[PDB]
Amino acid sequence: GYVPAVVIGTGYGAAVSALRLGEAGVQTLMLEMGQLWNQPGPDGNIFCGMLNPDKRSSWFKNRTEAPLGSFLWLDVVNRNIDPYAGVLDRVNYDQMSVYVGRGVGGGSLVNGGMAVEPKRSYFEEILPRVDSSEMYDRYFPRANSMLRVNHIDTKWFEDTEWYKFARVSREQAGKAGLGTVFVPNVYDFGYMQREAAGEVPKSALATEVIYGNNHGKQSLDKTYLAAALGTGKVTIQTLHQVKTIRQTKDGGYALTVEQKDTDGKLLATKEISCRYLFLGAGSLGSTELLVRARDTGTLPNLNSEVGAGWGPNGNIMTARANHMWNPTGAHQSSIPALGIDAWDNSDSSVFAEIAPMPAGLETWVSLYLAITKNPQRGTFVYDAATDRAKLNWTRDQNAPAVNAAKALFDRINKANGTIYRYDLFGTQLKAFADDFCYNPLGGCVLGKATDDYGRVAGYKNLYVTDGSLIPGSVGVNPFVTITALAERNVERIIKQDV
């Protein structure tokens, strides 16, 4: 029942923690509620594609859903499914739906692979207590190297039909006096070229991404976690969900864990104790464990900052209708490679990525995922009745995000004489999706609910290492920042505490 160190979750913060602990010679156990994705399914593949979703695509749902923005074309392939330990979980709150990955590797399994560093000037604004020099000189470079971040061949990008959709938006943006930037990725671009040449089995060019990539994507299980297991000091137990955390009489920690099968049946409830406890259950997961512990009295010394400071990273999705003479192409790579940088740290800041359309036919639609600067924050509150943490966030709190995104795209529309599509996000005629979130951040903010290195306030040997540490916004896709911050924190923790 005892293990020196226990890491909850296997996402970015958790993976960095497990590797460094293993290298320091600390016996570590990682607990993951999802599955280890290494078993071929009914089709011979591990993951299902976006055009053939099945039970593997969803975390205990009774029917598959079309990826946001492609309902008009992909709802036709949706089918009823048996509740299963799928890879993608759509967590629905009152006025917000948060998407998160479930399994060994966490969000790295289902994300777009976009590895971007935030602007130093913005980083300094959101975390004034952290030394930006150490981060940019040592930690960010370490993260990029370990994550196996790479750059796309610009010549291939210009000629390939698979990125026609990106070139069209670049041209449209240019007229509005806007510039584009190449976004690094963890998907092997060299492998992507070989897919286009039909030399290797396709994944990114076979409409795969959101439910996992059977090839090419360097998810955490291939990078950090592979290295962690390679130390001989790390072990990962799957289909194990941590329910409660408490402090033993002597200062150690004890956890109640439920082991279930892929169908959701409770196999057993275990008790695991440890000396060092690292939380890497994500912005939603870590926060819920902590608010529950504080409010049910198992960790009564947690401060009032626990549960506060949540933000969706200003996530807003919109789409523009192209002129008949500007086709986006039927063949679009599932991995984004270009972005529009309009981030100046002001209230109108927008960092938008040019997103592909999985339709498989010409739609003339240009899809965008914008990241804006919206000061509004939500708060996680514990509901003792249902034993669940609820997110206090209203749709109107995303108005500043919508306003900023609208201002940028109105410019592009004006310069090109185009209009928005208002029929892509379900019912209503909405041009902007304002109630979804791919980047949940906050809930246990660094320096507020914890010290400047993630040591949870009020306790010793209790650490948070994930997206819950970030103050609701980073200005770009978050995983590189989560990884770099984890590197900074765990290094200090190993030196001082372990």
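All residue numbers are counted from 1 along the displayed sequence.
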Stretch with the higher entry mean CA B-factor, where the candidates are 309-317 and 132-140: 132-140
For the C-alpha atoms alone, is the average B factor greater in 10-18 or in 486-494, going by the entry? 486-494
Identity of residue with top Cα B-factor, from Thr465, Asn439, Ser57, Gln39: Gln39
Given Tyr253, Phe278, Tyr163, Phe71, the residue at which the Cα B factor reaches its maximum: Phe71
Is the Cα B-factor recorded for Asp383 in the lowest, middle or highest third of its chain? middle
Quick one: classify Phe351 as lowest, middle or highest third of the chain based on its Cα B-factor. middle
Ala196 - which third its CA temperature factor falls in, relative to the rest of the chain: highest
Per the entry's values, where does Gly447 land by CA temperature factor relative to the rest of its chain, in the lowest, middle or highest third? lowest
Could you place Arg170 in the lowest, middle or highest third of its chain by Cα temperature factor, using the values in the record? highest
